[PDB]
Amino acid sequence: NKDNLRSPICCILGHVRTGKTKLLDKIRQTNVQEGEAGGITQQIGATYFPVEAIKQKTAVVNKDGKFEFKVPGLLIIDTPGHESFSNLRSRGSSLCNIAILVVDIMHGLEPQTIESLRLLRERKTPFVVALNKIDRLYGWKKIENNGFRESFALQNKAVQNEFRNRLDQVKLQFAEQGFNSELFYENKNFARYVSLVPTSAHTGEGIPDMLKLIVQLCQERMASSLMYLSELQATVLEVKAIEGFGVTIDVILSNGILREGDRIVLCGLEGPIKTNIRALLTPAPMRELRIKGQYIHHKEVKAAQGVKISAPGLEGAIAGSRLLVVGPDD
């Protein structure tokens, strides 16, 4: 049914300083990356992208306009690239229906790329690879926010030669790791072979191709079930004190529908916590949940979304705990 439609979850994974947060910043038109403490990503980030915005940002690679969008929206998960946060990467990976694996085209596959590849392989998660930082190709000239193929056609042959050498050795690296990969238009076996999207976080080039590709991951590679809403699933990302709201929880609503006044149960230090959802909040669209700002009050939220819950007795709450809704009787 057209209602009960579900927004899938996409996880961005990659080696440290590969441009994950920067790519998200370019799509969002924000500056989270500069703001980050320690100059690193240390927490899971949630941004919701309405399908309209995706249509906007994919216009250059879909100018006839006959490409089909059957998703209501897409929830996007940013993850830490550092070696230390294996656990956060694992959690994010557990949550996400599809993925973008970011590779620095200059460096190729690196240890955390390998780790992420194991994570994706183990949970059989459909993914595309973003060859980021293509502007670092010597003598690259920019057309802002343009499809990769269009701008690549305009490049000189030094740039094309460097690009195809790096592309070749990245393909050989993937082959060594047990993956057959292809440049996204060159791929004839979408099910078995991984599409590669050259991108620039600074220039925004290749991003429309990437967006349209994760969309096609949702429509073709992802299970049909997850196109539609189902029995509720939610996971606690964070526990924090917010003023006017006391101790609140940042939660990923993976499936189902969350409602205001719902009696919920989640896990705390020494045991279960049963309470009622007094306030159901989201960040503004195209904005991170962890980043503070304004909130939108909801009387219900449909999966998948990043939400903030205000409720009594959430002090003990544990991150990574599942969240359940308790029905009125028996």
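Start at 1 and count along the sequence shown; that's the residue number.
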property: Selected stretch [higher average CA B-factor]: 159-167 or 245-253; result: 159-167
property: Which of 221-229 and 107-115 has higher mean CA B factor, as the PDB entry lists it; result: 221-229
property: From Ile100, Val236, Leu258, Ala191, residue of greatest CA B-factor; result: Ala191
property: Among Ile273, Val61, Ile40, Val301 - the residue whose C-alpha B-factor is largest in the record; result: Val61
property: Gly65 by Cα B-factor - lowest, middle or highest third of the modelled chain; result: highest
property: Cα B factor band for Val325 (lowest, middle or highest third within the chain); result: lowest
property: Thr203 by Cα B-factor - lowest, middle or highest third of the modelled chain; result: highest
property: Chain-wide C-alpha B factor ranking for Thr47, given as lowest, middle or highest third; result: lowest
property: Third assignment of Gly293 from its chain's C-alpha B-factors; result: highest
